[PDB]
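Each remark here refers to the structure printed beneath this line.
Reminder, nothing fancy here: chain letters follow the sequence lines and each chain counts from 1.
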Amino acid sequence: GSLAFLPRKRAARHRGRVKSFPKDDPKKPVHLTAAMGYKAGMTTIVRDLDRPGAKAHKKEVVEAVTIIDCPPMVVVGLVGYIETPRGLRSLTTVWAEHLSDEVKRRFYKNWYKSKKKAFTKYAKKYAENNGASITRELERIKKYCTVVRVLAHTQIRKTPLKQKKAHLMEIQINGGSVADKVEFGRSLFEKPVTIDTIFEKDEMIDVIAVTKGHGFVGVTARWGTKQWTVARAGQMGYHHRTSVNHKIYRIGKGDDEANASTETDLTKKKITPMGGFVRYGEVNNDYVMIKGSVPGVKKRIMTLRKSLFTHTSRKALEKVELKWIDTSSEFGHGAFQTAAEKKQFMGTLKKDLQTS
Amino acid sequence: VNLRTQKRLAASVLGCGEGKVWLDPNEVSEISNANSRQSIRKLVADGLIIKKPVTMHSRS
Amino acid sequence: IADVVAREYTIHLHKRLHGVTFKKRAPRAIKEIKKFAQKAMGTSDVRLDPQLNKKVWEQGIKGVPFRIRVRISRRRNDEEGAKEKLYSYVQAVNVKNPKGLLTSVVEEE
RNA sequence: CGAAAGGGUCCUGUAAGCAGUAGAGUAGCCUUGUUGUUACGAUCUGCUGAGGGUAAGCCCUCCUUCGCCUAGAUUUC
RNA sequence: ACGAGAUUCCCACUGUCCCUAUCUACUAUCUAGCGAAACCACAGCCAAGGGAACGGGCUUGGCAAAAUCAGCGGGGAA
RNA sequence: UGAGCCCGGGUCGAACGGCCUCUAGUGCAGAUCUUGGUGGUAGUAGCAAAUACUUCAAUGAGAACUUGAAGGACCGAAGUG
RNA sequence: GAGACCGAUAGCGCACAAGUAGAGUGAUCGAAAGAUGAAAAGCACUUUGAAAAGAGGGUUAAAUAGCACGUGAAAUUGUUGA
């Protein structure tokens, strides 16, 4: 096996941390870096390839893509860091007024029995002429910090998940003066940020998630067998992984009602498979169609971040043209893309006449 | 209550095995008092103890 | 609302017996029925009719039916210094098919 | 939130029963039958892509029905 | 010609293998009750040095944080 | 100096000591010592096969392995008679 | 009748229902095991417990002597204190 992933222990957290944001210079415009989504499943697409020099040039190729449900994130805070001889240090963070119930659920282990008063005194700071305190923290970030990050949380009431406790993370603000990005973060308070604004089509991203667990496994399946360097039994899976160079093929809007339609096939259909995504449900929000496979089980929190370096391949900066998107059922050997297509093929049934 | 000895004496009185005699579940207290073969014969007449017939078996 | 109430439910034992070893399906079905009444009626004291044991064991140790239609009746346990004031008694009902039936309340009148 | 139910999606492959002289074949009635009749009759066909199963680690629920709820115990600057 | 005799060759088959994957039952696991034995100077981290190719206690370095659960077989003359 | 000697406090209930001679079955860490008792290991290893058990009631302080009834299995006259 | 003997792992194997219990086909082999209190005065009665027992109350000079009974060391163990 590989000694670069040697401490094969369970991840300390279920969310997964970025661990590196792309290097910042003030010349680029102000932008965000990362976002969160929920893994929905996989589907098959047909792509009109435009790869000069390849055997499949000017031909149709069938590829596997993964769907990540991406409801808009709400910006509810701002954090500032300073450079020290001991690394980066958090100087102060400025929260927004009027936090939602979901983001407060993250702060509690027993939300149902609690007297929900998180940030109750902090809200009075805004509205009781202690706005000097809020501005003093904002000015402190401007004149002392070198990196400013945004606290954004998901909206899982839109996600078909039984979990009600949202997910917080810090997203770095890159490309600008420290003063410019602080005004950027304050203006984003209490506001939803959509995925098509953070990323876009035919760009290559990195995804961070915790892998599927397998429990106690022996040497045959853990280390791949035909001291610290000797294969042993232990935990396999549930490991933090950072996969890079995954191309976004499509960003769906959710309100389009024709998300899975292309310029080639004129079928008004959404991305959700016939009968729903197996073990997940229906994607009713913005979604990111990522090529290939991505670490994590279905309905697992998914961390999307930008590439740390400018790309060196023609796989990037190449246009992606879609011909057809599969929507047939994943619960079996499906053969119908729409409910209408099934009824047209089989005619009318005994129950159809009895009801009518 | 324990009715093991009533089961044995009923088998001898009725002339069959232990598995073919039936003691009334609703009259366990009366049967428990019955500890003599004369008394069990009274319970047999009263219907509280019954000999079950042979098991049916279709030859055809 | 009342402490004494009788209702009829359908129990999907196929859901609760999936994957179980064959030589344990009938005993497991009896335990699942008790758990069903212990949670539907909130009583730890659940008594099953002997003919309910008949219906579960109709088809051998591994032939428990997929759907069983029972009646659970919460009664009062008077006794003398009983640990639980209420008890639930479960019976099998006679229906043409144990499918398509909703939860219903029976009336003593 | 839970249990049912309805719908969808999948799996199998056309349920029990009834009916059609379609039906090979097995037998009675009277007298010859050139088209005589009466019964049984494996099988075939129709009702019937029906019937059965469907989350247990599939999906949805507009009042689809029924029920549960602000606990009780310990510890903590 | 004969032989549960041996060998070679030919046809056929095979998870033997390329290269593994899946499934079932009893264990392994946790609980209630019951409940031993082997063995035991005292202990138990590593490296270099400790003339008698001998170290476990010395030297002088690396170090070094309570209490635990599961896996293993590395160490304990002619 | 030491082997040891003396006193105080607690427990206990019936005999004992100092001096000087006599006498010996007279002084223990070892003997894979003898007898007796007690530890760590340890609430650990482990508590096997004979397909298979389930429901209500009774007894009883206490019921998986005690009884009655009912169900599901078995020996199958070379038997689990 | 005595002893510069032994004093319950000693003295005979046996201070006791000891050549007994027990082992072996048999010839034979062969143990362990003494002590309440001067006197049973061996705890009436009440209460909790299914019971075994516990707690009050009592006998006694003493229960720090309750028949697992004179005195009651160490190994080993519990609680409390540091």
May I ask you to verify if any side-chain N or O of B/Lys7 is less than 4.0 angstrom from the OP1 or OP2 atom of F/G68? yes
The nucleotide from E/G71, E/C26, F/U54 with an atom nearest the side chain of A/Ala233 is E/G71
**Item:** Verdict with supporting geometry, A/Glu330 and A/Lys298, salt bridge (charged side-chain N to carboxylate O under 4.0 Å, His left out)
**Value:** CA-CA 13 Å; A/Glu330 310 174 3; A/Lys298 292 192 170 208; 3.4 Å; yes
**Prompt:** Taking atom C1' in both F/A57 and G/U46, what distance in whole Å separates the two?
**Reply:** 41 Å
query: Mind checking the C1' distance from F/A58 to E/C26? Whole angstroms is fine.
result: 38 Å
*asked:* Would you say the ring centers of A/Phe119 and A/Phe107 fall short of 6.0 Å from each other?
replied: yes
#### Entry: A/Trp223 six-ring centre to A/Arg8 NZ/CZ under 6.0 Å and within 45° of normal
yes
Q. Strictly by modelled atom types, are A/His14 and A/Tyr238 linked by a side-chain donor-acceptor pair under 3.5 Å?
A. yes
- Query: Looking only at atom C1', what distance separates G/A68 and G/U59, rounded to whole Å?
  - Reply: 22 Å
Under the rule that ring centres be under 5.5 Å apart and planes under 30 degrees, are D/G33 and D/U34 stacked? no
Counting primed atoms, P, OP1 and OP2 as sugar-phosphate and everything else as base, the B/S/- map of nucleotides 56-70 of chain D against protein heavy atoms under 4.0 Å is BBBSS----SSS---
With a cut-off of less than 4.0 Å, is there a side-chain N or O of C/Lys99 near OP1 or OP2 of D/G53?
yes
(message) Strictly below 4.0 Å: does A/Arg232 bring a side-chain N or O up to OP1 or OP2 of E/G74?
(response) no
(message) Over all strands shown, is C/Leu101 touching base, sugar-phosphate only, or nothing at heavy-atom distances under 4.0 angstrom?
(response) sugar-phosphate
Inset, instruction - Please measure how far the P atom in D/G52 lies from the corresponding atom in D/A5, and state the result in whole Å. - result: 13 Å
### Message
Is there a base pair between D/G46 and D/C18, Watson-Crick or G-U wobble, given that both distances have to be under 3.5 Å?
### Response
yes
The Watson-Crick or G-U wobble partner of D/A5, with both key distances under 3.5 Å, is D/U61
B/S/- along nucleotides 72-77 of chain D (protein heavy atoms under 4.0 Å) is BB----
Looking only at D/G49, F/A70, D/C10, the nucleotide nearest the A/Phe345 side chain is D/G49
F/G46: by the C1'-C2'-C3'-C4' sign convention (positive north, negative south), the sugar is north
Heavy-atom nearest nucleotide on RNA chain D taken for C/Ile11 and for A/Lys164; more 5' hit belongs to A/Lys164
Side-chain N or O of A/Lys350 versus OP1/OP2 of D/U48: is the shortest distance under 4.0 Å? yes
* Asked: Here, do the bases of F/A52 and F/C53 lie with ring centres under 5.5 Å and ring planes under 30 degrees of each other?
  -> no
Residues 342-356 of chain A vs side chain to side chain donor-acceptor pair (under 3.5 Å), sequence neighbours excluded, gives none
The residue among A/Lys158, A/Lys270, A/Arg250, A/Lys253 that forms salt bridge (charged side-chain N to carboxylate O under 4.0 Å, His left out) with A/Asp286 is A/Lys253
If the P atom of G/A65 is compared with that of G/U36, how far apart are they to the nearest Å?
14 Å
On the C1'-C2'-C3'-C4' criterion (positive north, negative south), the furanose of E/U31 is north
Ignoring hydrogens and geometry beyond distance, is a side-chain donor-acceptor pair present between A/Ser328 and A/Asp326 at under 3.5 Å?
yes
Does OP1 or OP2 of F/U54 have a side-chain N or O of C/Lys62 closer than 4.0 Å?
no
Exercise for review: In whole angstrom, give me the gap between the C1' atoms of E/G49 and E/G71.
Suggested key: 38 Å
Judged by the sign of the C1'-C2'-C3'-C4' torsion, with positive meaning north and negative meaning south, the sugar of D/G28 is north
In whole angstroms, the gap separating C1' of F/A73 from CZ of C/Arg25 amounts to 18 Å
Would A/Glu137 and A/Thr92 count as having a side-chain donor-acceptor pair, cut-off 3.5 Å? yes
| said: Taking the basic N atoms (NZ, or NE/NH1/NH2) and the acidic carboxylate oxygens, is any pair closer than 4.0 Å for A/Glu257 and A/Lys268? | reply: no
Open item on the list: If we define stacking as six-membered ring centres under 5.5 angstrom apart and planes under 30 degrees, are the neighbouring bases E/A65 and E/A66 stacked?
Closed with: no
With heavy atoms under 4.0 Å as the rule, sort A/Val219 into base, sugar-phosphate or nothing.
nothing
Cationic N near anionic O, under 4.0 Å, C/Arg76 to C/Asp3: yes
Taking F/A70, F/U67, F/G68 as options, the one with an atom nearest any side-chain atom of B/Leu23 is F/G68
Q: Could you check whether A/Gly347 gets within reach of a base, just the sugar-phosphate, or nothing at all, counting any heavy atom under 4.0 Å?
A: nothing
* **Nearest-angstrom distance, P atom, G/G58 to G/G42** => 15 Å
Parsed dot-bracket for RNA chain F after applying the Watson-Crick and G-U rules with both distances under 3.5 Å and | for other-strand partners is ......................................||.....||.....((((((.......))))))..........
The residue, A/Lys342 or C/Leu13, whose nearest nucleotide of RNA chain D is more 5′ is C/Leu13
Contact string for nucleotides 56-63 of chain F, one letter per nucleotide 5' to 3', B = base within protein heavy-atom range under 4.0 Å, S = sugar-phosphate only, - = neither, reads S-BS----
Scanning all shown strands, the Watson-Crick or wobble mate of E/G15 with both distances under 3.5 Å is none
What is the nucleic acid contact for C/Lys54, judged by heavy atoms within less than 4.0 Å: base, sugar-phosphate only, or nothing?
sugar-phosphate
**Report entry** Carboxylate-amine/guanidinium proximity below 4.0 Å for B/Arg8 and B/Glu18
**Finding:** no
What's A/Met346 touching, base or sugar-phosphate or nothing? Going by heavy atoms closer than 4.0 Å. base
- Atom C1', compared across G/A8 and F/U23: separation rounded to whole Å: 26 Å
*Please state yes or no: are the six-membered rings of F/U21 and F/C22 less than 5.5 angstrom apart at their centres, with planes tilted under 30 degrees?*
yes
**Prompt:** Does D/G20 pair with D/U31 as Watson-Crick or G-U wobble, both distances under 3.5 angstrom?
**Reply:** no
Query - Phosphate-side-chain proximity, A/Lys226 and E/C19, N/O vs OP1/OP2 below 4.0 Å - result: yes
Start with the C-alpha distance between A/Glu63 and A/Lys291, add both sets of side-chain angles, then the distance that settles salt bridge (charged side-chain N to carboxylate O under 4.0 Å, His left out), and finish with yes or no. CA-CA 8 Å; A/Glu63 294 280 336; A/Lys291 188 212 168 65; 2.8 Å; yes
When pairs are called at under 3.5 Å and a stem needs at least three consecutive Watson-Crick or G-U pairs, the stems of RNA chain G are G:45-48 with G:53-56
Hey, are A/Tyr38 and A/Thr154 close enough side-chain-wise for a donor-acceptor pair under 3.5 Å?
yes
Per the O4'-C1'-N9-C4 / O4'-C1'-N1-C2 angle with a 90° window around 0, F/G46 comes out anti
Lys NZ or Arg CZ of C/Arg75 over C/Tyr89 ring: under 6.0 Å, within 45°: yes
Exactly one candidate in C/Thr43, C/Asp49, C/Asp45 meets side chain to side chain donor-acceptor pair (under 3.5 Å) with C/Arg47; the answer is C/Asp45
- Query: NA contact type, A/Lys351, heavy-atom cut-off 4.0 Å: base, sugar-phosphate, or nothing?
  - Reply: sugar-phosphate
Q) How about F/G68 and F/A69: do their bases stack, with centres under 5.5 Å and planes under 30 degrees? A) yes
In terms of side-chain heavy atoms, does A/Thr211 have a donor or acceptor partner in A/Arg241 at a distance below 3.5 Å? no
